[PDB]
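Peer 1: Here you go, one structure.
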Amino acid sequence: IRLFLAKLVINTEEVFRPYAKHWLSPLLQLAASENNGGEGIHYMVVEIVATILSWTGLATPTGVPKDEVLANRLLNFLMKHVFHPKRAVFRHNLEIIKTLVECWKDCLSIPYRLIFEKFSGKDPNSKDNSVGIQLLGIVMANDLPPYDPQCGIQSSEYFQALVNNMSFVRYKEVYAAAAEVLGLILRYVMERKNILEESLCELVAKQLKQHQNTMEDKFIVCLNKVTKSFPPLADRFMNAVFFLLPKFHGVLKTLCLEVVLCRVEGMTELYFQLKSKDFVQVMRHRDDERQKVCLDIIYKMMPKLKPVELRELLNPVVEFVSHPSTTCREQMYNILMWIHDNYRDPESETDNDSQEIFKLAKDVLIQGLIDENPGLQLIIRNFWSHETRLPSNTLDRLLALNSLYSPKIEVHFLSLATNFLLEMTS
């Protein structure tokens, strides 16, 4: 009769919301009773938790400690039974747990050592710790660091079991997500100050050093995963990836370009290393995103390079006005924006190269007005109609407008002329 009384108030919640503050306690007391049938009558149970967080903002389960320990029992059973070997609903289960732990936040009282038993699986042949590290990602992606030794166990054994799970290499997603959540852990370490993970960084560097000597392909991708959220570990393996840049011909090469994209601001000169590793050979490749990220690192290394190699650098990048994926051409226009904005050379003339780069900058930036995509050319129009590039008294503008002639574009030049004329109409 309690089950039958459940699936009427489950259907009539629209009646209840003006006086719903009292109809949370009995539903919670129903939820915490282990007489449901099986492992909690999941479908009914998720309907219970959905309708009980329907009235969020009023009558939180904290304020009466009976309600607090009741919700703690719910949280414990949810963290206990989650697995469900059909994979299609596992993500839904983690979604329910994630919503509960992100909405409650008041009776925190979170459990440990069962998480530790979840990821504490030995025998690196089976994925029996995927659940523990994924719920670690659930508990970690918002808040809640592993504050172990208040009632738990020692954190040293905790974290070394965790990096052993990161050392577990038989299946893929286990070490991938483990390295990711370690990166989030280290991000919380660098955000805080009191945490003495200042040997855990040495421990994980030791683990990647021990995996480095015998394995190479998994090493760079777990380095990519830990540098997804953790920059300053790349001071260690900076010369290792610079050494074995080749023989990684694939997406691994993009991973190398990403991890060198992590640290550019804070290297010495960086150019001759890449030039010895024939970086300009692979800048002329055909995959989009490696070209995007190497244009990104060219923008990164830009305002420190000498103007002598910049002339050689500006040769293959002008070959990128004939390709789709407007973000890559957008950054390709951005580097020309900066090089014109600060390398116009107002009567310096240290070379023909130092003004020749400004000449080619003017050439490709003016030619970039007839591209077959809107928006970007609107931004170019805003950049040229920006103040103190074409003056704006009235006719200083007119005696200026002929100078941006560029006979590669003349088909639309008169339309652009009246556009830049009567854009300042009043």
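Residue numbers (the deposited numbering): 2142 to 2567.
All residues carry an ideal CB built from backbone N, CA and C; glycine is no exception.
(1) Exposed or buried, which one is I2511 when buried takes at least 16 other CB atoms within 10 Å?
(2) For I2438 and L2402, which I take to be in contact (beta-carbon distance under 8 Å), what is that distance rounded to the nearest angstrom?
(3) Hey, could you find the ends of the alpha helix (DSSP H) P2167 is sitting in?
(4) How many angstroms separate the CA atom of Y2440 from the CA atom of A2375?
(5) Between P2286 and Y2316, which are expected to be in contact by the criterion C-beta below 8 Å, what is the C-beta distance as a whole number of angstroms?
(6) Please report the Cβ distance between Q2414 and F2383, rounded to the nearest whole angstrom; I am assuming they are in contact, meaning their Cβ atoms lie under 8 Å.
(7) With DSSP collapsed to three states, give me the class of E2551.
(8) Once DSSP output is grouped into helix, strand and coil, what is the label at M2356?
(9) Going by alpha carbons, who is nearest to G2204 out of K2162, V2458, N2283?
(10) Compare the beta carbon distance of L2517 and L2477 with 8 Å and say whether it is the shorter of the two.
(11) Using CA coordinates, which residue listed in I2498, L2436, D2492 is at the minimum distance from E2453?
(12) Please classify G2178: is it buried, with 16 or more other beta-carbons within 10 angstroms of its beta-carbon, or exposed?
(13) Relative to the C-alpha of residue 2574, which residue among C2292, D2284, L2277 is closest?
(14) At what residue ranges does the region 2245-2312 contain a whole run of the alpha helix (DSSP H), taking only runs of 4 or more?
(15) At the level of alpha carbons, what is the spacing between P2167 and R2214?
(16) When the distance is taken between beta carbons, is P2444 closer than 8 Å to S2495?
(17) Would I2279 and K2239 qualify as a contact pair, given that the criterion is a beta-carbon distance under 8 Å?
(18) Whole-angstrom Cβ separation of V2459 and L2501, contact assumed at under 8 Å?
(19) Applying the criterion that 16 or more other CB atoms from any shown protein chain within 10 Å of the CB defines a buried residue, is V2242 buried or exposed?
(20) If the criterion is Cβ atoms closer than 8 Å, does the pair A2320 and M2307 meet it?
(21) Kindly indicate which three-state DSSP category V2505 falls into: helix, strand or coil?
(22) Please go through the same chain and pick out, in chain order, the residues whose beta-carbon is closer than 8 Å to the beta-carbon of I2521, but skip the five residues on each side of it.
(23) Report, in whole angstroms, the separation of the C-beta atoms of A2212 and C2248, which I expect to be a contact under 8 Å.
(24) Excluding five sequence neighbours on each side, which residues of the same chain lie with their C-beta closer than 8 Å to the C-beta of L2542?
(25) Mapping DSSP to helix, strand and coil, what is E2243?
(26) Closer than 8 Å by C-beta to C2397: which residues in its own chain qualify, once you throw out the five before and the five after it? Chain order, please.
Peer 2: Answer, in terms of the structure:
(1) exposed
(2) 5 Å
(3) 2166-2172
(4) 20 Å
(5) With a Cβ gap of about 21 Å, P2286 and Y2316 do not count as contacting.
(6) 6 Å
(7) coil
(8) coil
(9) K2162
(10) no
(11) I2498
(12) exposed
(13) An answer regarding residue 2574 cannot be provided, because it is not within the stretch 2142 to 2567 covered by the chain.
(14) 2255-2260, 2271-2281, 2296-2308
(15) 15 Å
(16) no
(17) yes
(18) 7 Å
(19) buried
(20) yes
(21) helix
(22) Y2474, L2506, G2509, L2510
(23) 6 Å
(24) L2531, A2558, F2561, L2562
(25) helix
(26) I2361, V2382, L2386, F2389
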